[PDB]
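Comments concern the structure below.
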Protein chains: 2
Amino acid sequence: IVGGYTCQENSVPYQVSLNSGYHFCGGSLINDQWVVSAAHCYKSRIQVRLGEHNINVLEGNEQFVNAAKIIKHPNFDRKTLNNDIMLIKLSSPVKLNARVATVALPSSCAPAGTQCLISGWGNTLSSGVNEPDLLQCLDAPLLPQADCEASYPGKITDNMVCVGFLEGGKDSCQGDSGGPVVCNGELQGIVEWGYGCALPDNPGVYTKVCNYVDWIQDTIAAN
Amino acid sequence: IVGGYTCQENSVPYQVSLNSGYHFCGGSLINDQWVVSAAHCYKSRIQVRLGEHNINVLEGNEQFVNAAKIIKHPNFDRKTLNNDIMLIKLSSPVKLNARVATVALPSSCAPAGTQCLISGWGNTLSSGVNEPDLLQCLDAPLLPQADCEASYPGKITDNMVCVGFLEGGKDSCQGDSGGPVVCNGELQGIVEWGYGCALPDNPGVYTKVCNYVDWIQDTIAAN
Ligand SMILES: [Ca+2]
Ligand SMILES: [Ca+2]
């Protein structure tokens, strides 16, 4: 997260870190046994860590659970990043509590102009790389599709939404990916991509979760 | 390497990749059993890979050897990055050949104005992150200490040198670190640090190898 702020400890309880001997992506806990992430975050073996604040320090709220089933959206298109969504069924249920809680699937597609919360342990710099210890927060609005499309000529699909600022300086970056964008307590997006980070005119692109509620449910059910 | 070019296959034979289940730093082969790198590149277990071009493809010239002794400069100062130099004695000698060759230690400190060659599998973007497959090359001059210091008020030590362009767009970036900067066939620097990457007025800083010839020799000898 570039230009964000350090989240109040255990304020983003649905926030999960996709670990593989290093933190490489984020995700959201949608139920005691399921995490939603980005298909570009796929790995054959993943350790999902919940209740994390400081990814480098054992603070005592952490729950570490192996991924059992890692299921990418079947129409995942690595070229375009269309359907860049994946589900992870944990090997066993987590203990929901104060710092290990779930987030609601979108009831509706949120309108442009809605204020969302983006979180992650993603790069925090606009140029070069800096990986933070503490989870980072960012308040940002959902931008009108027109601007999205304007920023990314012919690359925005209907399952993509831009969130951020046209002016730059504030954005999600590498490492935040597969991470959540929550609006009015519902998961509306997933950290997807953008050109550079926090660059003026280069809004961050996100997978539009409201386009997959069915898929998510069906899959969860079927597994 | 930002704004560099793809090196002619096996043109930088002294170039090594510090692997730990992923490429994380570069280094130089100074002899059949020794690699010089950056202390900030230290890890308890390292796999040194030589004869690499495409870090993701087995092309048949690769030699993969475990690090036996990983020795950081004793005055390594993690805070300032002073003495950011480390030696790796391989577990066994490599087969020197056409794409697995050594580089000379500096006979003298190279003057400002000298053209060097910087190489690495380091980030290739000025904003965001992109890891290349093929080794990247960069021709850049050694800048006058005055400019170095000017770019980094009170952070440049006498064992640091700036190399690059004040205008930006061309530089070393994260992942190039511990990597070589060769001038007239001698190793004059090690990829160290800089603010962002390829940013105007933010030259890359490098460890001045000519200040450690003795240390290198003494250590090599002593081990
Ligand atoms: Ca922790
Ligand atoms: Ca190779």
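Simple scheme: letters A, B, ... for chains in structure tokens order, numbers from 1 for residues in each chain, numbers from 1 for ligands in the order shown.
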
Within 9 Å of stretch 94-105 of chain B, counting only C-alpha atoms, which residues show up once you throw out same-chain ones fewer than 3 positions away? Write them as a compact mmCIF listing (two decimals) with N, CA, C and O atoms, in the first residue's frame, please.
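What landed in part.txt:
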```
# COMPACT_ATOMS: atom_id res chain seq x y z
N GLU B 9 23.89 -13.44 -24.63
CA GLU B 9 23.97 -14.69 -23.86
C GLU B 9 25.43 -15.08 -23.59
O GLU B 9 26.37 -15.21 -24.40
N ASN B 10 25.58 -15.23 -22.27
CA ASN B 10 26.84 -15.62 -21.62
C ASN B 10 27.94 -14.60 -21.88
O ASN B 10 29.14 -14.92 -21.96
N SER B 11 27.53 -13.33 -21.95
CA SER B 11 28.48 -12.22 -22.12
C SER B 11 29.01 -11.72 -20.77
O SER B 11 30.06 -11.04 -20.68
N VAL B 12 28.33 -12.02 -19.69
CA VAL B 12 28.67 -11.61 -18.30
C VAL B 12 28.83 -12.90 -17.48
O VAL B 12 28.02 -13.20 -16.60
N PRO B 13 29.89 -13.63 -17.80
CA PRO B 13 30.19 -14.92 -17.18
C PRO B 13 30.52 -15.00 -15.71
O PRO B 13 30.53 -16.12 -15.16
N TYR B 14 30.79 -13.85 -15.14
CA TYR B 14 31.12 -13.71 -13.72
C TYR B 14 29.86 -13.44 -12.89
O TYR B 14 29.81 -13.44 -11.64
N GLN B 15 28.80 -13.14 -13.60
CA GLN B 15 27.49 -12.84 -13.05
C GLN B 15 26.94 -14.12 -12.39
O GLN B 15 26.87 -15.15 -13.11
N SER B 28 29.39 -11.75 -7.99
CA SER B 28 30.49 -11.92 -8.93
C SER B 28 31.39 -13.08 -8.54
O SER B 28 31.68 -13.17 -7.34
N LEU B 29 31.82 -13.87 -9.52
CA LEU B 29 32.72 -15.00 -9.29
C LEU B 29 34.15 -14.43 -9.39
O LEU B 29 34.56 -14.00 -10.48
N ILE B 30 34.85 -14.43 -8.28
CA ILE B 30 36.20 -13.87 -8.22
C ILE B 30 37.27 -14.94 -8.31
O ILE B 30 38.47 -14.62 -8.46
N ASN B 31 36.82 -16.17 -8.24
CA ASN B 31 37.71 -17.35 -8.37
C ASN B 31 36.78 -18.56 -8.42
O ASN B 31 35.60 -18.41 -8.09
N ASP B 32 37.29 -19.70 -8.82
CA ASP B 32 36.52 -20.93 -8.95
C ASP B 32 35.77 -21.36 -7.69
O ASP B 32 34.89 -22.23 -7.86
N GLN B 33 36.09 -20.75 -6.56
CA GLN B 33 35.41 -21.12 -5.31
C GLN B 33 34.88 -19.98 -4.46
O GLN B 33 34.43 -20.21 -3.33
N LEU B 50 25.58 -20.34 -11.49
CA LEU B 50 26.40 -19.69 -12.53
C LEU B 50 25.91 -20.08 -13.92
O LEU B 50 25.03 -20.95 -14.11
N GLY B 51 26.47 -19.45 -14.94
CA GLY B 51 26.17 -19.74 -16.34
C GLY B 51 24.71 -19.49 -16.70
O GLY B 51 24.29 -20.01 -17.77
N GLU B 52 24.06 -18.70 -15.85
CA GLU B 52 22.66 -18.37 -16.12
C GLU B 52 22.56 -17.17 -17.05
O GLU B 52 23.40 -16.25 -17.07
N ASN B 61 23.84 -24.55 -19.41
CA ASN B 61 25.19 -24.04 -19.09
C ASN B 61 25.22 -23.83 -17.58
O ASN B 61 26.32 -23.62 -17.07
N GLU B 62 24.07 -23.87 -16.96
CA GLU B 62 23.97 -23.65 -15.53
C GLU B 62 24.83 -24.62 -14.75
O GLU B 62 25.03 -25.80 -15.08
N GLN B 63 25.34 -24.11 -13.66
CA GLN B 63 26.13 -24.82 -12.64
C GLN B 63 25.45 -24.32 -11.35
O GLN B 63 25.36 -23.09 -11.20
N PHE B 64 24.98 -25.22 -10.52
CA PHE B 64 24.31 -24.84 -9.26
C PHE B 64 25.12 -25.43 -8.11
O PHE B 64 25.34 -26.64 -7.98
N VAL B 65 25.60 -24.55 -7.26
CA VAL B 65 26.45 -24.86 -6.11
C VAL B 65 26.05 -24.13 -4.84
O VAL B 65 25.83 -22.92 -4.82
N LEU B 90 32.31 -21.25 -2.22
CA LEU B 90 31.39 -22.32 -2.65
C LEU B 90 31.80 -23.64 -2.02
O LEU B 90 32.98 -23.84 -1.66
N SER B 108 43.07 -0.52 -9.14
CA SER B 108 43.05 0.87 -8.62
C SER B 108 41.58 1.27 -8.48
O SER B 108 40.77 0.46 -8.98
N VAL B 182 31.35 -3.63 -13.21
CA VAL B 182 32.64 -3.88 -13.85
C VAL B 182 33.03 -2.75 -14.82
O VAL B 182 32.27 -2.32 -15.71
N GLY B 185 37.15 -4.33 -17.35
CA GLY B 185 37.39 -5.69 -16.86
C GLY B 185 37.75 -5.92 -15.41
O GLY B 185 38.26 -7.02 -15.12
N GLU B 186 37.46 -4.96 -14.56
CA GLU B 186 37.71 -5.11 -13.13
C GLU B 186 36.42 -4.76 -12.38
O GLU B 186 35.66 -3.90 -12.83
N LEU B 187 36.19 -5.42 -11.27
CA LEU B 187 35.02 -5.23 -10.41
C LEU B 187 35.27 -4.00 -9.54
O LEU B 187 36.11 -4.11 -8.65
N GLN B 188 34.57 -2.93 -9.83
CA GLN B 188 34.75 -1.66 -9.13
C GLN B 188 33.66 -1.36 -8.11
O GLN B 188 33.91 -0.51 -7.24
N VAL B 209 34.48 -1.43 -4.21
CA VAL B 209 35.30 -2.63 -4.12
C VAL B 209 36.80 -2.34 -3.91
O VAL B 209 37.43 -3.13 -3.18
N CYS B 210 37.30 -1.31 -4.57
CA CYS B 210 38.73 -1.01 -4.43
C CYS B 210 39.14 -0.73 -2.98
O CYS B 210 40.36 -0.77 -2.74
N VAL B 213 40.08 -4.70 -1.38
CA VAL B 213 40.94 -5.72 -1.98
C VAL B 213 41.68 -6.54 -0.93
O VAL B 213 41.66 -7.80 -0.96
```

Next on the checklist: From a backbone DSSP assignment, name each residue in stretch 84-131 of chain A labelled strand (DSSP E), as an MDAnalysis selection string.
Outcome noted: chainID A and resid 86:90 115:120

Item to check | Residues of chain A within 12 Å of chain B, counting only C-alpha atoms, as a PyMOL selection string | outcome: chain A and resi 1-2+20-22+122-131+168-169+171-176+193-200+202+204

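Closest to ligand 2 among B:5, B:215, B:206, B:121 is B:121, based on only C-alpha atoms and all ligand atoms.
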
Next on the checklist: List the spatial neighbours of residue B:216 as a PyMOL selection string - criterion: any atom at most 9 Å away, only C-alpha atoms, same-chain residues fewer than 4 positions off excluded.
Outcome noted: chain B and resi 36+86-87+212+220-221

Dump as a PDB file, in the first residue's frame, selection limited to N, CA, C and O atoms:
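Just written: out23.pdb:
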```pdb
ATOM      1  N   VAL B  36      31.793 -12.763  -4.412  1.00  0.00           N
ATOM      2  CA  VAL B  36      31.712 -11.490  -3.680  1.00  0.00           C
ATOM      3  C   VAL B  36      30.260 -11.018  -3.901  1.00  0.00           C
ATOM      4  O   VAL B  36      29.750 -11.119  -5.040  1.00  0.00           O
ATOM      5  N   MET B  86      30.166  -8.972   1.246  1.00  0.00           N
ATOM      6  CA  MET B  86      30.159 -10.328   1.813  1.00  0.00           C
ATOM      7  C   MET B  86      30.874 -11.309   0.888  1.00  0.00           C
ATOM      8  O   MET B  86      30.771 -11.057  -0.324  1.00  0.00           O
ATOM      9  N   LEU B  87      31.514 -12.319   1.425  1.00  0.00           N
ATOM     10  CA  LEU B  87      32.169 -13.312   0.583  1.00  0.00           C
ATOM     11  C   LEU B  87      31.475 -14.651   0.816  1.00  0.00           C
ATOM     12  O   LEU B  87      31.112 -14.997   1.952  1.00  0.00           O
ATOM     13  N   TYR B 212      38.442  -2.685  -0.509  1.00  0.00           N
ATOM     14  CA  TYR B 212      38.456  -3.952   0.232  1.00  0.00           C
ATOM     15  C   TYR B 212      39.327  -5.043  -0.363  1.00  0.00           C
ATOM     16  O   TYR B 212      39.241  -6.168   0.173  1.00  0.00           O
ATOM     17  N   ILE B 220      39.925 -14.663   1.898  1.00  0.00           N
ATOM     18  CA  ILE B 220      40.003 -15.812   0.975  1.00  0.00           C
ATOM     19  C   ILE B 220      41.083 -16.786   1.441  1.00  0.00           C
ATOM     20  O   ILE B 220      40.926 -18.021   1.535  1.00  0.00           O
ATOM     21  N   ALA B 221      42.217 -16.165   1.746  1.00  0.00           N
ATOM     22  CA  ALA B 221      43.450 -16.827   2.212  1.00  0.00           C
ATOM     23  C   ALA B 221      43.308 -17.612   3.519  1.00  0.00           C
ATOM     24  O   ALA B 221      43.745 -18.764   3.678  1.00  0.00           O
TER      25      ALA B 221
END
```

Could I get chain B fitted onto chain A (least squares, all C-alpha atoms, in order) as a JSON list (two decimals) with C-alpha atoms, in the first residue's frame?
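File written: part.json
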```
[["chain", "number", "residue", "atom", "x", "y", "z"],
["B", 1, "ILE", "CA", 0.00, 0.00, 0.00],
["B", 2, "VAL", "CA", 1.56, 3.34, -1.11],
["B", 3, "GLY", "CA", 0.55, 6.44, 0.83],
["B", 4, "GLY", "CA", -1.66, 4.45, 3.21],
["B", 5, "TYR", "CA", -1.53, 4.39, 7.04],
["B", 6, "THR", "CA", -0.86, 1.69, 9.63],
["B", 7, "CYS", "CA", -4.08, -0.10, 10.52],
["B", 8, "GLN", "CA", -5.30, -0.16, 14.10],
["B", 9, "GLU", "CA", -4.21, -3.58, 15.33],
["B", 10, "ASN", "CA", -6.68, -6.26, 14.40],
["B", 11, "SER", "CA", -8.99, -3.72, 12.74],
["B", 12, "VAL", "CA", -9.02, -5.73, 9.43],
["B", 13, "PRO", "CA", -9.78, -9.21, 10.79],
["B", 14, "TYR", "CA", -10.68, -10.69, 7.42],
["B", 15, "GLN", "CA", -7.25, -9.76, 6.09],
["B", 16, "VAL", "CA", -5.11, -12.84, 5.45],
["B", 17, "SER", "CA", -1.51, -13.23, 4.26],
["B", 18, "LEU", "CA", -0.64, -15.85, 1.66],
["B", 19, "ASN", "CA", 2.58, -17.34, 2.86],
["B", 20, "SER", "CA", 4.94, -19.65, 1.06],
["B", 21, "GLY", "CA", 8.01, -19.15, 3.28],
["B", 22, "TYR", "CA", 7.48, -15.43, 2.61],
["B", 23, "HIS", "CA", 4.36, -13.30, 2.35],
["B", 24, "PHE", "CA", 3.40, -13.04, -1.35],
["B", 25, "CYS", "CA", -0.25, -12.05, -1.49],
["B", 26, "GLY", "CA", -3.21, -11.13, 0.64],
["B", 27, "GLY", "CA", -6.72, -12.54, 0.80],
["B", 28, "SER", "CA", -10.07, -12.27, 2.56],
["B", 29, "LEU", "CA", -11.68, -14.79, 4.95],
["B", 30, "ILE", "CA", -15.22, -15.30, 3.65],
["B", 31, "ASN", "CA", -16.03, -18.09, 6.09],
["B", 32, "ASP", "CA", -14.21, -20.17, 8.73],
["B", 33, "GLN", "CA", -12.82, -22.41, 5.98],
["B", 34, "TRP", "CA", -12.60, -20.21, 2.92],
["B", 35, "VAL", "CA", -10.43, -17.46, 1.57],
["B", 36, "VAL", "CA", -10.97, -15.53, -1.67],
["B", 37, "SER", "CA", -7.82, -14.26, -3.46],
["B", 38, "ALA", "CA", -6.45, -13.52, -6.97],
["B", 39, "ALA", "CA", -5.75, -16.36, -9.37],
["B", 40, "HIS", "CA", -2.44, -14.72, -10.17],
["B", 41, "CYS", "CA", -1.64, -15.62, -6.54],
["B", 42, "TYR", "CA", -1.84, -19.37, -7.21],
["B", 43, "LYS", "CA", 0.83, -21.69, -5.79],
["B", 44, "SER", "CA", 0.70, -25.50, -5.31],
["B", 45, "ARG", "CA", 1.28, -25.12, -1.57],
["B", 46, "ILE", "CA", 0.10, -22.12, 0.47],
["B", 47, "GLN", "CA", 0.08, -21.29, 4.17],
["B", 48, "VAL", "CA", -2.73, -18.87, 5.00],
["B", 49, "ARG", "CA", -2.01, -16.74, 8.09],
["B", 50, "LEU", "CA", -4.80, -14.99, 9.98],
["B", 51, "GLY", "CA", -4.84, -12.56, 12.91],
["B", 52, "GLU", "CA", -1.66, -10.99, 11.63],
["B", 53, "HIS", "CA", -0.77, -7.34, 12.19],
["B", 54, "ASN", "CA", 3.04, -7.56, 12.11],
["B", 55, "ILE", "CA", 3.86, -10.25, 9.59],
["B", 56, "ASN", "CA", 7.36, -10.56, 11.05],
["B", 57, "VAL", "CA", 6.49, -10.80, 14.73],
["B", 58, "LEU", "CA", 4.64, -13.41, 16.73],
["B", 59, "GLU", "CA", 2.19, -11.32, 18.63],
["B", 60, "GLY", "CA", -0.04, -14.16, 19.73],
["B", 61, "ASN", "CA", -3.24, -13.83, 17.70],
["B", 62, "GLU", "CA", -1.87, -15.56, 14.62],
["B", 63, "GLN", "CA", -3.54, -18.70, 13.30],
["B", 64, "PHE", "CA", -1.53, -20.51, 10.59],
["B", 65, "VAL", "CA", -3.39, -22.94, 8.33],
["B", 66, "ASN", "CA", -2.43, -24.78, 5.17],
["B", 67, "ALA", "CA", -4.46, -24.37, 1.99],
["B", 68, "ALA", "CA", -6.16, -27.71, 1.08],
["B", 69, "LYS", "CA", -7.94, -26.86, -2.18],
["B", 70, "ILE", "CA", -6.63, -23.93, -4.23],
["B", 71, "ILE", "CA", -9.20, -23.31, -6.96],
["B", 72, "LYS", "CA", -8.70, -20.66, -9.60],
["B", 73, "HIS", "CA", -11.61, -19.32, -11.60],
["B", 74, "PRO", "CA", -11.78, -21.61, -14.64],
["B", 75, "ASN", "CA", -11.86, -18.67, -17.07],
["B", 76, "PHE", "CA", -8.78, -17.20, -15.49],
["B", 77, "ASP", "CA", -6.98, -15.49, -18.34],
["B", 78, "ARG", "CA", -3.36, -14.88, -17.36],
["B", 79, "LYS", "CA", -2.94, -12.65, -20.40],
["B", 80, "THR", "CA", -5.69, -10.18, -19.57],
["B", 81, "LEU", "CA", -6.28, -10.93, -15.88],
["B", 82, "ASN", "CA", -9.95, -11.37, -16.56],
["B", 83, "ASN", "CA", -11.52, -13.57, -13.87],
["B", 84, "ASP", "CA", -8.47, -13.02, -11.71],
["B", 85, "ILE", "CA", -10.16, -14.69, -8.75],
["B", 86, "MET", "CA", -9.29, -17.85, -6.74],
["B", 87, "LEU", "CA", -10.76, -19.69, -3.75],
["B", 88, "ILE", "CA", -8.73, -21.42, -1.03],
["B", 89, "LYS", "CA", -10.54, -23.92, 1.22],
["B", 90, "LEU", "CA", -8.46, -24.21, 4.41],
["B", 91, "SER", "CA", -7.33, -27.60, 5.62],
["B", 92, "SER", "CA", -9.40, -26.92, 8.74],
["B", 93, "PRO", "CA", -11.68, -24.27, 10.18],
["B", 94, "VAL", "CA", -10.22, -21.25, 11.92],
["B", 95, "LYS", "CA", -11.37, -20.00, 15.29],
["B", 96, "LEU", "CA", -13.37, -16.89, 14.51],
["B", 97, "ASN", "CA", -12.89, -14.23, 17.15],
["B", 98, "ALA", "CA", -12.00, -10.57, 17.47],
["B", 99, "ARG", "CA", -9.01, -10.53, 15.17],
["B", 100, "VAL", "CA", -10.09, -13.46, 13.00],
["B", 101, "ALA", "CA", -13.39, -12.58, 11.41],
["B", 102, "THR", "CA", -15.04, -12.82, 8.07],
["B", 103, "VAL", "CA", -16.21, -10.27, 5.44],
["B", 104, "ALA", "CA", -19.55, -10.27, 3.58],
["B", 105, "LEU", "CA", -19.83, -10.97, -0.16],
["B", 106, "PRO", "CA", -21.26, -7.97, -1.99],
["B", 107, "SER", "CA", -25.03, -7.77, -1.97],
["B", 108, "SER", "CA", -24.84, -5.38, -4.92],
["B", 109, "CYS", "CA", -22.12, -3.86, -7.11],
["B", 110, "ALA", "CA", -21.06, -0.69, -5.27],
["B", 111, "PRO", "CA", -21.57, 2.59, -7.11],
["B", 112, "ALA", "CA", -18.66, 4.77, -8.26],
["B", 113, "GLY", "CA", -18.11, 7.31, -5.47],
["B", 114, "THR", "CA", -18.18, 4.74, -2.66],
["B", 115, "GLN", "CA", -15.34, 4.87, -0.16],
["B", 116, "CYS", "CA", -13.55, 1.58, 0.34],
["B", 117, "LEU", "CA", -10.79, 0.26, 2.52],
["B", 118, "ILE", "CA", -7.78, -1.37, 0.92],
["B", 119, "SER", "CA", -5.28, -3.26, 3.03],
["B", 120, "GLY", "CA", -2.04, -5.21, 2.61],
["B", 121, "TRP", "CA", 1.66, -5.87, 3.36],
["B", 122, "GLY", "CA", 2.32, -4.90, -0.25],
["B", 123, "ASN", "CA", 5.04, -2.59, -1.39],
["B", 124, "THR", "CA", 4.72, 0.83, 0.19],
["B", 125, "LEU", "CA", 6.84, 2.87, -2.26],
["B", 126, "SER", "CA", 5.97, 4.54, -5.56],
["B", 127, "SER", "CA", 9.50, 3.83, -6.87],
["B", 128, "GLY", "CA", 11.79, 1.01, -5.71],
["B", 129, "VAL", "CA", 10.53, -1.52, -3.13],
["B", 130, "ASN", "CA", 9.84, -1.43, 0.59],
["B", 131, "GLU", "CA", 7.97, -4.22, 2.37],
["B", 132, "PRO", "CA", 6.23, -3.21, 5.57],
["B", 133, "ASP", "CA", 5.89, -5.23, 8.78],
["B", 134, "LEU", "CA", 2.56, -3.89, 9.91],
["B", 135, "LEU", "CA", -0.57, -4.14, 7.90],
["B", 136, "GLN", "CA", -1.30, -0.91, 6.02],
["B", 137, "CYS", "CA", -4.64, 0.78, 5.39],
["B", 138, "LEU", "CA", -5.97, 2.99, 2.62],
["B", 139, "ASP", "CA", -9.27, 4.85, 2.24],
["B", 140, "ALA", "CA", -10.09, 5.24, -1.46],
["B", 141, "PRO", "CA", -13.10, 5.73, -3.69],
["B", 142, "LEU", "CA", -14.40, 3.59, -6.49],
["B", 143, "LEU", "CA", -13.97, 5.52, -9.70],
["B", 144, "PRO", "CA", -16.36, 5.78, -12.63],
["B", 145, "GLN", "CA", -15.78, 3.12, -15.25],
["B", 146, "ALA", "CA", -15.22, 5.86, -17.80],
["B", 147, "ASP", "CA", -11.99, 6.98, -15.96],
["B", 148, "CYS", "CA", -10.95, 3.41, -15.39],
["B", 149, "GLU", "CA", -11.19, 2.70, -19.11],
["B", 150, "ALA", "CA", -9.62, 6.06, -19.89],
["B", 151, "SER", "CA", -6.61, 5.12, -17.81],
["B", 152, "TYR", "CA", -6.36, 1.69, -19.43],
["B", 153, "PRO", "CA", -7.46, 1.75, -23.06],
["B", 154, "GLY", "CA", -8.82, -1.64, -24.06],
["B", 155, "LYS", "CA", -7.59, -3.51, -20.99],
["B", 156, "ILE", "CA", -10.46, -3.02, -18.59],
["B", 157, "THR", "CA", -13.01, -5.82, -18.72],
["B", 158, "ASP", "CA", -16.46, -5.62, -17.21],
["B", 159, "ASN", "CA", -15.15, -7.57, -14.18],
["B", 160, "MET", "CA", -12.59, -4.87, -13.41],
["B", 161, "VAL", "CA", -13.07, -1.66, -11.49],
["B", 162, "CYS", "CA", -10.68, 1.17, -10.74],
["B", 163, "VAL", "CA", -10.30, 2.40, -7.15],
["B", 164, "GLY", "CA", -7.96, 5.18, -6.10],
["B", 165, "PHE", "CA", -6.91, 8.66, -7.11],
["B", 166, "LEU", "CA", -6.16, 10.08, -10.51],
["B", 167, "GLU", "CA", -3.60, 12.34, -8.86],
["B", 168, "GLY", "CA", -1.50, 9.44, -7.56],
["B", 169, "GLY", "CA", 0.61, 9.11, -4.43],
["B", 170, "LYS", "CA", -1.93, 6.71, -2.86],
["B", 171, "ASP", "CA", -2.42, 3.12, -4.11],
["B", 172, "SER", "CA", -2.10, -0.61, -3.73],
["B", 173, "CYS", "CA", 1.17, -2.07, -5.05],
["B", 174, "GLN", "CA", 2.76, -5.52, -5.54],
["B", 175, "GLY", "CA", 2.24, -7.71, -2.47],
["B", 176, "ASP", "CA", -1.26, -6.31, -1.84],
["B", 177, "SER", "CA", -2.57, -8.47, -4.65],
["B", 178, "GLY", "CA", -5.37, -10.93, -4.03],
["B", 179, "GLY", "CA", -6.07, -8.56, -1.12],
["B", 180, "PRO", "CA", -9.41, -7.01, -0.23],
["B", 181, "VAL", "CA", -11.20, -3.82, -1.02],
["B", 182, "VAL", "CA", -14.09, -3.56, 1.38],
["B", 183, "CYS", "CA", -16.88, -0.99, 1.04],
["B", 184, "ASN", "CA", -19.62, -0.61, 3.65],
["B", 185, "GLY", "CA", -18.60, -3.93, 5.18],
["B", 186, "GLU", "CA", -18.76, -5.93, 1.96],
["B", 187, "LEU", "CA", -15.91, -7.22, -0.24],
["B", 188, "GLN", "CA", -16.25, -5.32, -3.51],
["B", 189, "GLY", "CA", -12.86, -5.92, -5.03],
["B", 190, "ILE", "CA", -9.58, -7.81, -4.99],
["B", 191, "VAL", "CA", -6.15, -6.19, -5.47],
["B", 192, "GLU", "CA", -5.50, -6.91, -9.14],
["B", 193, "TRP", "CA", -3.11, -4.64, -11.06],
["B", 194, "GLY", "CA", -2.13, -1.18, -12.34],
["B", 195, "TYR", "CA", 0.76, 0.42, -14.19],
["B", 196, "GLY", "CA", 3.47, 1.25, -11.63],
["B", 197, "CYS", "CA", 2.17, 2.33, -8.26],
["B", 198, "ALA", "CA", 0.72, 5.58, -6.97],
["B", 199, "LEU", "CA", 1.43, 7.12, -10.37],
["B", 200, "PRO", "CA", -0.80, 10.02, -11.40],
["B", 201, "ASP", "CA", -3.31, 8.85, -14.02],
["B", 202, "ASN", "CA", -2.69, 5.19, -13.21],
["B", 203, "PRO", "CA", -5.51, 4.10, -10.93],
["B", 204, "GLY", "CA", -5.28, 0.61, -9.42],
["B", 205, "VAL", "CA", -7.46, -2.03, -11.08],
["B", 206, "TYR", "CA", -9.41, -4.55, -9.04],
["B", 207, "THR", "CA", -11.47, -7.68, -9.76],
["B", 208, "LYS", "CA", -15.14, -6.80, -9.34],
["B", 209, "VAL", "CA", -16.25, -9.34, -6.71],
["B", 210, "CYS", "CA", -19.94, -8.60, -7.26],
["B", 211, "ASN", "CA", -19.64, -10.39, -10.63],
["B", 212, "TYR", "CA", -18.77, -13.71, -8.99],
["B", 213, "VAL", "CA", -21.00, -14.11, -5.98],
["B", 214, "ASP", "CA", -22.69, -17.03, -7.71],
["B", 215, "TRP", "CA", -19.38, -18.65, -8.72],
["B", 216, "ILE", "CA", -18.04, -18.27, -5.20],
["B", 217, "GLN", "CA", -21.15, -19.80, -3.63],
["B", 218, "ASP", "CA", -21.43, -22.61, -6.18],
["B", 219, "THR", "CA", -17.80, -23.53, -5.70],
["B", 220, "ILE", "CA", -17.91, -23.34, -1.91],
["B", 221, "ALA", "CA", -20.99, -25.56, -1.96],
["B", 222, "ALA", "CA", -19.56, -28.02, -4.43],
["B", 223, "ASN", "CA", -16.52, -28.45, -2.17]]
```

Next on the checklist: For the helix (DSSP H, G or I) assignment from backbone DSSP, which residues of stretch 25-194 of chain B qualify? Please present them as a ChimeraX atom specification.
Outcome noted: /B:39-41,145-151
